[PDB]
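Okay, here we've got a single chain as structure tokens, the form deposited in one PDB entry, with questions on binding and movement later.
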């Protein structure tokens, strides 16, 4: 099949496999997959369960038309009223909704809770809302238990609008992360890990860079502050420091493999950064061949102008780029044709928890779309050999994760 036929097939399968037809939100499996990936990777943020009792009544009293129409109306309201980065909005039941808000503190979660209540108020007992503030990585069983208690508390005392639970640890503000990151950038406190992405034979396609730094014997990883830098607009300050450092180790002459650097969405949106990247890569043209710039899919779909500027400047200096979280935005896959990325890193959603028939088709279709263009398909966070062999039957060619990090 040609691209447009293949891409449209991939977008159809992705919609039928992970989206609720009526609400057009994520379905039950989507919510289940999103929850497991966020909890196992960071678990920092908030999760909420909205029990739209008024939708339940319409289904039992007025029929499917009334309930369906109200589900769609509330779904569009939530989808438009809660614009939070990397948020997950899913319909986990006929009248229940699950929301995942990564990297959000209790004060921001409680604001979103009143916003979800305001959505229901605009669309005329009515609801029960349970909000859980999560600080550390835990099991999906433990978090779902906390949500179940958050709901119980909202019903136990309807003197409040929503039940709130926190588990457990006084966190850091956004400006506190900035001064903390700027200090690590000041003294070169940052440590770098290189996770290899290999083919089934062990051929290293590239190594994704992971950053961390220490203070007081406490270790902070990039995903603990990357959002605060973006929300403070200062994400370019960190991405420039990483690129500078990665160029040094490349100029030590030892690393023969390309290095993948994650570029923040808020970094490419800044014209100063795209200028800074073209000057840096011009004065380090020797090692640009070993530079892979991992662009999130959000930049291609929502900032295609700056991304085209960044991609053009990157490829005219000998470097290349790839798509990170490929397919995650549930939008058009056209940009694969217009940008022709060197690789696509499939999002966690389309690679894990493939328990249903249609999920596997979506993987093959979404992967063929890039494969049939000569674009290397990569699956990350691959933790098992049986997982690797399974993904290789669905047009995944490069693998990254625990199975690669255990070998030798």
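Numbering follows the first chain given and starts at 1. For the two forms, the rigid core is made up of the largest set of C-alpha atoms that agree within 1.5 Å on superposition.
As for the form deposited in another entry, it is not shown, yet the points below apply to it.
Quiz item: Following superposition of the rigid core, which of 338, 73, 214, 183 is the only residue with a C-alpha displacement of 2 Å or more between this form and the one not shown?
Solution: Per the superposition, the moving residue is 73.
Exercise. Classify residue 308 as shifted (yes) or not shifted (no) between this form and the one not shown, where shifted means its C-alpha moves by 2 Å or more with the rigid core superposed.
Key: For residue 308, whose C-alpha is compared between this form and the one not shown after core superposition, the shift is less than 2 Å.
Quiz item: Would you say residue 83 moves between this form and the one not shown, meaning its CA shifts by 2 Å or more once the core is fitted?
Solution: The answer is yes; the displacement is at least 2 Å.
Self-check item: C-alpha of residue 251 off by 2 Å or more between this form and the one not shown on rigid core
Solution: For residue 251, whose C-alpha is compared between this form and the one not shown after core superposition, the shift is less than 2 Å.
Quiz item: Are residue 143 and residue 225 closer or farther apart at their Cα atoms in the other entry than shown, with the shift being 3 Å or more?
Solution: Their C-alpha distance shrinks by at least 3 Å in the other entry.
Self-check item: residue 229 and residue 139, C-alpha gap in the other entry relative to this structure (3 Å or more)
Solution: They are closer; the C-alpha distance drops by 3 Å or more in the other entry.
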